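In what follows, a single structure is set out as structure tokens and then discussed.
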Amino acid sequence: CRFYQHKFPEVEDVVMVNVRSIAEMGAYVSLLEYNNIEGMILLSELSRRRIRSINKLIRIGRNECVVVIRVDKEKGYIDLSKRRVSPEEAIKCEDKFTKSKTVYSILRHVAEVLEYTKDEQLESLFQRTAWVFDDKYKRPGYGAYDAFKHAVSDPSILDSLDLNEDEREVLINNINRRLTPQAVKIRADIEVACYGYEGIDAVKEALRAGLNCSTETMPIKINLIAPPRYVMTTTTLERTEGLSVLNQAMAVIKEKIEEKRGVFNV
Amino acid sequence: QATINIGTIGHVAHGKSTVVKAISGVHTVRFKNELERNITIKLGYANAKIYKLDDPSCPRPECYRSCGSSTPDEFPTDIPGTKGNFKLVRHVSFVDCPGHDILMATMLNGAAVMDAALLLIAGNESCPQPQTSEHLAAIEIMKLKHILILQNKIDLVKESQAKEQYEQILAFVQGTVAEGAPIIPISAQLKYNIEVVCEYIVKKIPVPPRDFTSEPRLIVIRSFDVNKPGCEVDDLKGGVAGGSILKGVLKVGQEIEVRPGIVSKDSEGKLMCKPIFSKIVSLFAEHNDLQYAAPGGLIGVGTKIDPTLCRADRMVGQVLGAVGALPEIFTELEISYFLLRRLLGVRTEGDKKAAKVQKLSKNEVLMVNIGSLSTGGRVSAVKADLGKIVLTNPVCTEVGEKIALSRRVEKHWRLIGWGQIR
RNA sequence: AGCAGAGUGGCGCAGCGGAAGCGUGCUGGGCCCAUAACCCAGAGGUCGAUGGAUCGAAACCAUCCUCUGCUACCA
């Protein structure tokens, strides 16, 4: 099936096609953006240049970014071009496709807690998970909700999403395995480069102050990796939580050091 | 702790690690590893314990016998005695100076806080070798004469060559003390005659009179941070000074002042400098805890200074006095001086370039090594027996003592003369 | 020592829960009388290590491994 509410693409819709086999005119490809619906590439337009090469060690299992010219919902034929592409640039579509695939995998189970996979009555399953998301409007909005949901822990089981089968057992520890998250870890580098004999003391005092602040709020931790160089590393799952830690760390450096007077770079 | 400081100075290509490990048992080490490209060019540190079995030879811990590992060509074995514990005679300290000519100013500094020396000669190169003379002359100026010449690299050098070399050195130095200094040929590839060296250093080099009652002065030459990279916030520590004390028993918990000072913010002139004050955390020497730091010894004084001053070697030649020391911190200084009639520290097989050097001209930068300090300064007035020098960083002058004056002959500075502060 | 980077076919080096890629040589053959460039198949895979959470680790996680680098030396 497919995550989208509609069953078919439209004119000038950017899709991703799995090249199944080459035969005669070009290839009878499967649109993976919308289920596994049949379409075709070449004969007249697809190529942008000729150099008498198109593969060497490019084997099979690969895939082309294409755009829909003519779509026949009734007849099941989709004439596609790759020559049309310029803002529909392949890398961006591929990145989007991978993210869509993980989202699709989440929405298609879902399913105490094996998961299962497959198969269950199909229209009902899709309607209560993925179609309803698309409905709840529009495609940007669904994307935003999905992103919020993805984030593990922001906040963890919430939004609404009153849905449906039960359904929290699956939400709690299928989804983490299914996605996977990765990861995000970001270093924050601070060099406090004093060279008076008052300034050094000021840095030390600031570090201590920083520790007090860290304890008070609860998050991290600054670590000395060289006499003037300090590293905290911040993990983020809610995204913007690392910004709040960075602001606090910066403030300690900027105000506390100043008290006994020093210099810093951040 | 330590009782005397014997220095191990010696020109290029004689091997430092073999001789230093035989005398002290503590490796001479510092940055690069690549321990050195040739022989140590850093200011190495090491201490050692000298005991006797009532024999002039010095044991190892395993005092039954000692089998070396200098070469697998043959087995060098020596016998210090047999076992039943040995009597501690004293704790000795060494000062490994740079062995390379460019590093002359550093060699001077490190040398200037020793109580005796060991001239490590190498038989490979020229017979009246530049640096031997350079070293010897500096030693007699500073106030020492407790020298033991050691022929350190004559393993494959034939006995005619090695004989000619000791003769030519001792004949060139006909005006510098060296006739009451023994010359001990040794092996450095088979560690032979090492036992007789132990007899010499206890004979020629007793403990000279040390003034305990007089006010503490510590001269720091090496900088050590013990916080180091990867320190924890509540594992905070002070900054450690490798210095020798030449006057006074420095006690633990005492406050100490570093007297060349740090210059006041937004100075429009060359004044004003303000000393920095730090309390002594710990008084570590050897690998044994101490509550005192007697003079005549090289001691690690941990003080309450913070990492930035010890993060690199930045405390080379600083004078530290306990506390509020009377010694003046000049920024412009009145040198009395005299010059050598030859250029010291240079002379090759063609006899270049020990020719007599022209008189000093004003507004030229010259290295004045005063005490263990090494500052650069320009000569503002130049009379023959009265020059006025203006120094870039202030110099604490403990006493008017001596100075060593060098001039930039070419790539680096070279020793031209000495004198006394007025 | 702590710290910034890397772990993929010989080399270059895509890649991330429902896939061991692609570039370069490699070797055969074709086109052509024949080579060359070209084309095709052929040939090259512990994806450091140690596991765990798991329906499944090339992917998450932690450790260990290494060189690439840092204050330049850490009694």
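In the structure tokens, the first chain shown is A, the next is B, and so on; residue numbers restart at 1 for each chain, and ligands run from 1 in the order shown.
Within the 7 Å cut-off around range 387-401 of chain B, using only C-alpha atoms (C1' of nucleotides) and omitting residues fewer than 5 positions from it on the same chain, the listed residues are residues 259, 260, 319, 327, 328, 329, 330, 331, 332, 333, 334, 335, 336, 375, 376, 377, 378, 379, 380, 381, 382, 420, 421 and 422 of chain B.
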May I ask you to extract the residues of chain C within 10 Å of chain B, using only C-alpha atoms (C1' of nucleotides), and to give them as a PyMOL selection string? chain C and resi 1-3+70-75
Those selected residues, please, written with N, CA, C and O atoms (P, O5', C5', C4', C3', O3' and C1' of nucleotides) and delivered as a PDB file, in the first residue's frame.
ATOM      1  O5'   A C   1      47.223   7.836  27.023  1.00  0.00           O
ATOM      2  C5'   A C   1      46.858   7.857  28.399  1.00  0.00           C
ATOM      3  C4'   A C   1      46.656   9.279  28.922  1.00  0.00           C
ATOM      4  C3'   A C   1      45.577  10.119  28.228  1.00  0.00           C
ATOM      5  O3'   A C   1      44.286   9.757  28.721  1.00  0.00           O
ATOM      6  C1'   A C   1      47.517  11.415  28.512  1.00  0.00           C
ATOM      7  P     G C   2      43.247   8.937  27.854  1.00  0.00           P
ATOM      8  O5'   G C   2      42.291  10.080  27.326  1.00  0.00           O
ATOM      9  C5'   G C   2      41.294  10.659  28.184  1.00  0.00           C
ATOM     10  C4'   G C   2      41.332  12.191  28.101  1.00  0.00           C
ATOM     11  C3'   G C   2      40.856  12.794  26.785  1.00  0.00           C
ATOM     12  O3'   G C   2      39.422  12.867  26.779  1.00  0.00           O
ATOM     13  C1'   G C   2      42.895  13.801  27.393  1.00  0.00           C
ATOM     14  P     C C   3      38.652  12.317  25.506  1.00  0.00           P
ATOM     15  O5'   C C   3      38.745  13.491  24.467  1.00  0.00           O
ATOM     16  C5'   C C   3      38.318  14.826  24.729  1.00  0.00           C
ATOM     17  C4'   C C   3      39.033  15.780  23.766  1.00  0.00           C
ATOM     18  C3'   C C   3      38.691  15.533  22.293  1.00  0.00           C
ATOM     19  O3'   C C   3      37.492  16.216  21.914  1.00  0.00           O
ATOM     20  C1'   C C   3      41.034  15.653  22.549  1.00  0.00           C
ATOM     21  P     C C  70      48.408  19.693  15.846  1.00  0.00           P
ATOM     22  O5'   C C  70      47.650  19.828  17.220  1.00  0.00           O
ATOM     23  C5'   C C  70      46.534  20.714  17.357  1.00  0.00           C
ATOM     24  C4'   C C  70      45.910  20.550  18.749  1.00  0.00           C
ATOM     25  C3'   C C  70      46.800  21.119  19.855  1.00  0.00           C
ATOM     26  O3'   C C  70      46.598  22.530  19.970  1.00  0.00           O
ATOM     27  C1'   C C  70      46.131  18.937  20.463  1.00  0.00           C
ATOM     28  P     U C  71      47.781  23.470  20.437  1.00  0.00           P
ATOM     29  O5'   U C  71      47.750  23.248  22.001  1.00  0.00           O
ATOM     30  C5'   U C  71      47.184  24.218  22.888  1.00  0.00           C
ATOM     31  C4'   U C  71      47.768  24.039  24.296  1.00  0.00           C
ATOM     32  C3'   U C  71      49.299  24.147  24.387  1.00  0.00           C
ATOM     33  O3'   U C  71      49.671  25.502  24.369  1.00  0.00           O
ATOM     34  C1'   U C  71      48.557  22.291  25.635  1.00  0.00           C
ATOM     35  P     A C  72      51.027  26.302  24.351  1.00  0.00           P
ATOM     36  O5'   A C  72      52.304  25.362  24.386  1.00  0.00           O
ATOM     37  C5'   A C  72      52.537  24.199  23.605  1.00  0.00           C
ATOM     38  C4'   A C  72      53.000  23.058  24.516  1.00  0.00           C
ATOM     39  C3'   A C  72      54.522  23.002  24.680  1.00  0.00           C
ATOM     40  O3'   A C  72      54.848  22.418  25.941  1.00  0.00           O
ATOM     41  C1'   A C  72      53.798  21.200  23.332  1.00  0.00           C
ATOM     42  P     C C  73      56.246  22.550  26.661  1.00  0.00           P
ATOM     43  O5'   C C  73      55.973  22.005  28.127  1.00  0.00           O
ATOM     44  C5'   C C  73      54.940  21.063  28.434  1.00  0.00           C
ATOM     45  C4'   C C  73      55.428  19.907  29.333  1.00  0.00           C
ATOM     46  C3'   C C  73      56.932  19.558  29.183  1.00  0.00           C
ATOM     47  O3'   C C  73      57.575  19.161  30.395  1.00  0.00           O
ATOM     48  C1'   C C  73      55.578  17.792  28.334  1.00  0.00           C
ATOM     49  P     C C  74      57.408  17.918  31.350  1.00  0.00           P
ATOM     50  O5'   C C  74      55.904  17.960  31.782  1.00  0.00           O
ATOM     51  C5'   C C  74      55.400  18.666  32.903  1.00  0.00           C
ATOM     52  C4'   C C  74      54.019  18.108  33.250  1.00  0.00           C
ATOM     53  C3'   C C  74      54.054  16.651  33.698  1.00  0.00           C
ATOM     54  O3'   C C  74      54.417  16.606  35.080  1.00  0.00           O
ATOM     55  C1'   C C  74      52.267  17.007  32.148  1.00  0.00           C
ATOM     56  P     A C  75      54.740  15.224  35.774  1.00  0.00           P
ATOM     57  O5'   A C  75      55.808  15.645  36.868  1.00  0.00           O
ATOM     58  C5'   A C  75      57.022  16.278  36.434  1.00  0.00           C
ATOM     59  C4'   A C  75      57.971  16.574  37.612  1.00  0.00           C
ATOM     60  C3'   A C  75      58.637  15.332  38.217  1.00  0.00           C
ATOM     61  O3'   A C  75      59.985  15.575  38.623  1.00  0.00           O
ATOM     62  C1'   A C  75      57.321  16.357  39.864  1.00  0.00           C
TER      63        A C  75
END
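In this model, the gap between CA of residue 79 in chain A and CA of residue 65 in chain A comes to 13.5 Å.
Near residue 21 in chain C, within 12 Å and counting only C-alpha atoms (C1' of nucleotides), sit residues 57, 58, 59, 60, 61 and 62 of chain A; 8, 9, 13, 14, 15, 45, 47 and 58 of chain C, not including residues fewer than 6 positions from it in the same chain.
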Using only C-alpha atoms (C1' of nucleotides), which residues sit within 12 Å of residue 66 in chain C once same-chain residues fewer than 3 positions away are excluded, as a PyMOL selection string? chain C and resi 6-7+48-49
Quick one: residues within 7 Å of range 263-266 of chain A, only C-alpha atoms (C1' of nucleotides), excluding same-chain residues fewer than 5 positions away - as a PyMOL selection string? chain A and resi 190-194
DSSP-assigned helix (DSSP H, G or I) among range 14-192 of chain A, expressed as number ranges by chain: A: 90-107, 122-135, 139-150, 168-173, 175-179
Dump as a VMD selection string the residues of chain A that approach chain C to within 6 Å, counting only C-alpha atoms (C1' of nucleotides). chain A and resid 114 225 to 226
I'd like the neighbourhood of range 341-344 of chain B as a PyMOL selection string, where a residue qualifies if any of its atoms comes within 7 Å (using only C-alpha atoms (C1' of nucleotides)), though same-chain residues fewer than 5 positions away should be ignored. chain B and resi 134+353-357+415-416
What are the residues of chain A that have an atom within 12 Å of an atom of chain B, counting only C-alpha atoms, as a ChimeraX atom specification? /A:192-212,221-231
Contacts of residue 176 in chain B at 8 Å (only C-alpha atoms (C1' of nucleotides); same-chain gap of 2+ positions) as a count of residues only: 6
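Between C1' of residue 37 in chain C and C1' of residue 10 in chain C the separation is 24.5 Å.
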Kindly assemble as a tab-separated table a list of the range 76-107 of chain A residues that lie within 12 Å of range 40-46 of chain A, each paired with its nearest atom pair and their distance in Å to one decimal, using only C-alpha atoms, sorted first by chain and then by ascending residue number.
residue	atom	partner	partner_atom	distance
A:76	CA	A:40	CA	10.6
A:77	CA	A:40	CA	7.4
A:78	CA	A:40	CA	6.3
A:79	CA	A:40	CA	5.6
A:80	CA	A:41	CA	5.5
A:81	CA	A:46	CA	5.1
A:82	CA	A:46	CA	4.9
A:83	CA	A:46	CA	4.9
A:84	CA	A:46	CA	8.0
A:85	CA	A:46	CA	9.7
Store the residues picked out above, limited to C-alpha atoms, as a compact mmCIF listing (two decimals), in the first residue's frame.
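Now in again_1.txt:
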# COMPACT_ATOMS: atom_id res chain seq x y z
CA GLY A 76 -2.54 1.97 -15.12
CA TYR A 77 0.16 3.60 -17.25
CA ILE A 78 2.32 6.50 -16.15
CA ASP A 79 4.56 8.18 -18.75
CA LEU A 80 7.51 9.64 -16.85
CA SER A 81 10.45 11.94 -17.65
CA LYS A 82 13.75 12.66 -15.89
CA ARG A 83 14.58 15.36 -18.46
CA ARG A 84 11.97 17.67 -16.89
CA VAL A 85 13.91 17.78 -13.56
Between CA of residue 183 in chain B and CA of residue 145 in chain B, what distance in Å does the model show, to one decimal? 13.9 Å
